[PDB]
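Only one chain is included here, represented as structure tokens and corresponding to the form deposited in one PDB entry.
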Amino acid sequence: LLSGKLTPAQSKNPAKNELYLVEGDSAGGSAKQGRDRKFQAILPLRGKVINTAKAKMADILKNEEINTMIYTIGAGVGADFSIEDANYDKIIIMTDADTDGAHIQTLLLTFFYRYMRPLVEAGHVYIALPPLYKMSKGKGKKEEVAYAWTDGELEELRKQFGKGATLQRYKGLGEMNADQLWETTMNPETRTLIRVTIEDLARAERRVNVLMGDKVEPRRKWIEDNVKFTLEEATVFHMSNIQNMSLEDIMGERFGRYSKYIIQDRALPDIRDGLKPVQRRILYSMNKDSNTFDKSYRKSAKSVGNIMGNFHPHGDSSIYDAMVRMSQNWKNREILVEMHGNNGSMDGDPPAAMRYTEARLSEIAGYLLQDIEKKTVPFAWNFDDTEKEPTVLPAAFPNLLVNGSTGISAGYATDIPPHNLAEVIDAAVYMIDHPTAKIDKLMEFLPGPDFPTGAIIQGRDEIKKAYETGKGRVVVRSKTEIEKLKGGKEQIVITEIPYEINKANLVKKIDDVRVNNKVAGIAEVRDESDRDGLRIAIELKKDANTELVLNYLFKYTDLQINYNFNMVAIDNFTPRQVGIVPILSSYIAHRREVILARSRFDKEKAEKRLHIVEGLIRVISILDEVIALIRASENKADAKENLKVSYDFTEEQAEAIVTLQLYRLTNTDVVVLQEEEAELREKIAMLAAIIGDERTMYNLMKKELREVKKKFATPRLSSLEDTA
């Protein structure tokens, strides 16, 4: 069932037949249609393939995707491998040219390297190179078949026999249809491969183990050492026909691309605005579509589709799940999406599909985006270069800490817990006035996490270590109480539980203790949570030792868990483990660039308007003259020229004058224009003051953060205790 299905070739012929291993069933469709059916076979691969150098060995044979791969090859596996039993001469890996494409290239080549080495050794394993670009100056002129793999090959296609043409930028084999696929990547004549070889069994064995085995730090190190986080990778210039390449440099090249991408652009939040790229995109798109808190809800599907076609070239479920998460107030301390309908529960029951639900940005999420229009924040091109997207949001509140971030990259993970908005702002304000402020002091203002699930946080000294180093283990325990019953009889009653825990799975594990009678005294386990409150009720027998039970539960269930801080985020393009200080200063530095840029923006604006008001005031005093002059001019350009020569209007002033609608001659109040002149001069002064004086700027940073606090502050939810 769980394997991808095989489409054979028509002819049994080991000497020239090909098995295409294709990324995903959709692309298997296109491959199955563009193929030559007599010597080309197809096995679709169902997303990410197992790791045969992490996962076990019973696992590796239960893996259906593997078993069907071994089957179809018809050679045997590892210690039973015969090369002349094999049904194909070429095993051809063919993936999207996305970076997960690279990840799959990686994952296969290990399996094969490890369990089919003579097949790798005899150079039977290849890789298909799909194109990146397509060029057409036709469609009823004729067409102009033209493709490109390198930005260099593309720049060559500014020639060909036509211009003003199109350039389709491919994002998968999904977007290619049979004819496109045959020519470009499947037809022996035209297609372009690479053969995978073994140059050095030492240097190539080594490369795999580090990259693909479960030692995380040699991997982190390989990434530290090899990956350029701050640089591009001016790629190879695509040799014709086939091209030999070491397993070594491939597992290298490919895993470097995958590692880098998921570190920078997937699983790790940016240190300033606290968003993963997918989440930033949700916010930006839903903002641009005016899907804000003040206006109407909006079908989730519409939202998700726009996000996927404009910014985020990934699956719809990835986006809907991300959007939905931002809407749940047991995951986010401050929700960035409001959403009508079923957005799940704490029992983790599935949210309603995006066809049902509807949604819009939360009020506070407007503040992450505040002043994005005012050139505060560096924009870059979307995946196809139709449209720009922000690399980071203004962030008028310190989201990273408030809402935290839990993610898993390559060579790195991250747990940052949520915090109280007020508390986080208090620290930051202090640090604005005290650059060198140290933990002990900051912790007067930010004592610890504030989970939206509430609960009891235990381990003040481990908080400190996490706030210093970025790592530390703290304890979270459910809010419990006792209640009496008839028959005397007590019952334990749970109202808050640990963050990231599934209520139904917890109730079940508890009840499994009762059933297994691991600790004497439990009668019934009842979930009594209605829509308004959480309320698990553990009912004990007649004279049960209330507190001995409670203890086994904490110990041996998830009624108590340890939260583990591992605070990683992206500083200056790079993954970084970080405590409260770099986080808070990073933010402050960010708000500084924003307030400064917003001020320059607003100021250049105000000056233009001033220069015009200046001109319009003068015009009124010579209005007859100005009109007679426009009447005596030949055209628009002439008039402007006359106005400058005869009256010294600037270009800007003349253009504005020349384009006043006639009805504007009704409003000629010079007193009212003067009032406006005053207001502009003052605005410019205030804005020049900010730009001119760090402290004038910092005091505004603080003024704003205080307003945000006042507008959005809510009580702590999790109580802090010291002993553990």
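Throughout, rigid core stands for the largest set of C-alpha atoms superposing within 1.5 Å between the two forms. Only residues modelled in both forms are compared. Residue numbers here begin at 1 and follow the sequence given.
What comes next is about the form deposited in another entry, which is not displayed.
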- Option from 302, 221, 206, 142 moving between the shown form and the other one, CA shift at or above 2 Å, rigid core reference: 142
- Message: Aligning on the core only, does the CA of residue 163 end up 2 angstroms or more away between the shown form and the other one?
- Response: yes
- Query: In sequence order, what are the runs of three or more consecutive residues whose Cα atoms each shift by at least 2 Å between the shown form and the other one, relative to the rigid core?
  - Reply: 138-145, 161-163
